[PDB]
Amino acid sequence: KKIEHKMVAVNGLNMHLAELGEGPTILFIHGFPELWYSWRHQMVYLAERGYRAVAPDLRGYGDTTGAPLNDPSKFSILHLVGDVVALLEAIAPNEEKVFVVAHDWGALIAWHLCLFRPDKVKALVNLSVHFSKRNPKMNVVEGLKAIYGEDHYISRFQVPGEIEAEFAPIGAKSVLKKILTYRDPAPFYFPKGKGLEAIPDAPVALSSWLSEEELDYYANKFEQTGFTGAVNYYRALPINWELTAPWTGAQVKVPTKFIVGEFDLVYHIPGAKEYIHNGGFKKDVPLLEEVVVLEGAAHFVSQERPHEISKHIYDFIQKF
């Protein structure tokens, strides 16, 4: 059996969904700047082991249509979780709870899914992005700008049109290659006018996990769609901060496994390692199982270390 692609009408969107296997549903949620395609290895492994793997393209990505690119306010965390809740109702009508696997912005969506609707998630495997406790004093954009300054990627992503104009002359393939092959623990810097010049390159041998065919799949989708839908998620971070005040003090009560690559830039945010390892993470997420750090791996662990990630998912969900 091959991977089946369908379109599902949900939360005002026409959402592209890729599917493989039969049995209990596992929803895979991708991050930035990625696609359903990022789960290619895991869908195969889990389907061959008696699970039904479902991976959509998210609001503003790939073959998912309907979101107003001109309005970043329609890319809030409330809209994104709304999309996922609607999807699950449409595609898993007979499972009250499903398994969720998520990465990066997908992981952020999944954290809030669990906060808003724990009645929908039986267990969670999150990659790269740890639970981010709301800072009472400032939003994420402001907090990271205080640490890393004006050229931080999240800061530079904020003004509509700006980063799109920077990527325009460079091309989708060169931007995507530069990001996917990134290994340095520093955040991305996009100083005005300087293209991809502020981004360090790793030795070529360390990206042998990414074929030219794989890179082309990503590049071809993003050349068509552009980067606006994807980047809009970061533009909604200031409103996300305001809109999430009701959940100050709320815990995630879903059984959870967290996995991160050693060199993931997110893992190197000041204070992140302390939060993760010394009790803060477990206090917000009481059913957090043992945290897994992948030695010698960077941000894109589902593609860089597919066997390790696939087996970690299988072993976790088999416990339920």
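FRET efficiency for the residue 184 to residue 7 pair, using the beta carbon distance and R₀ = 41 Å, is estimated at 0.60. Remark on the chain: hydrodynamic radius 19.8 angstrom, per the Kirkwood mean of 1/r across alpha carbon pairs.
Taking 0.36 nm per residue of separation and subtracting the current Cα-Cα distance, fully stretching the chain between residue 277 and residue 211 would add 20.3 nm.
Neighbours of residue 285 by Cβ distance under 11 Å: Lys/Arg scored +1, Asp/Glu scored -1, total +3. Near the amide H of residue 60, within less than 5 Å, lie the amide hydrogens of 67, all on another chain or at least 5 residues away, with H placed in the peptide plane. Its alpha carbons considered, the stretch 102-192 gives a radius of gyration followed by a Dmax of 15.9, 46 Å. Summarising the label geometry, the points placed 7 Å from Cα in the beta-carbon direction at residue 293 and residue 94 lie 4.5 nm from one another.
For the pair residue 308 and residue 165, the difference between a 0.36 nm per residue extended length and the Cα-Cα distance amounts to 47.7 nm.
Maximal additional length on extending the residue 119-residue 138 stretch stands at 3.8 nm, based on 0.36 nm per residue less the C-alpha distance.
Placing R0 at 41 angstrom, the Cβ-Cβ distance between residue 197 and residue 65 gives a FRET efficiency of 0.75 after rounding to 0.05. In loop segments of the stretch 111-169 as defined by DSSP, the GluC sites (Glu not before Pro) with at most 15 further C-beta atoms inside 10 Å of their C-beta are 150. Before rounding to the nearest 500, sum -39500 (n - 2.57) across all DSSP H runs of length at least 4 in the chain and divide by the residue total; then give [θ] at 222 nm in deg cm²/dmol. Mean residue ellipticity at 222 nm (helix-derived): -10500 deg cm²/dmol. Taken along the Cα-to-beta-carbon direction at a fixed 7 Å, the label points for residue 318 and residue 262 span 2.6 nm.
Here the Cβ is made from the backbone with ideal geometry for all residues, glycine too, and neighbour counts use every protein chain on show. Readers should treat all values here as calculations from the given coordinates under stated rules, not as data from a laboratory.
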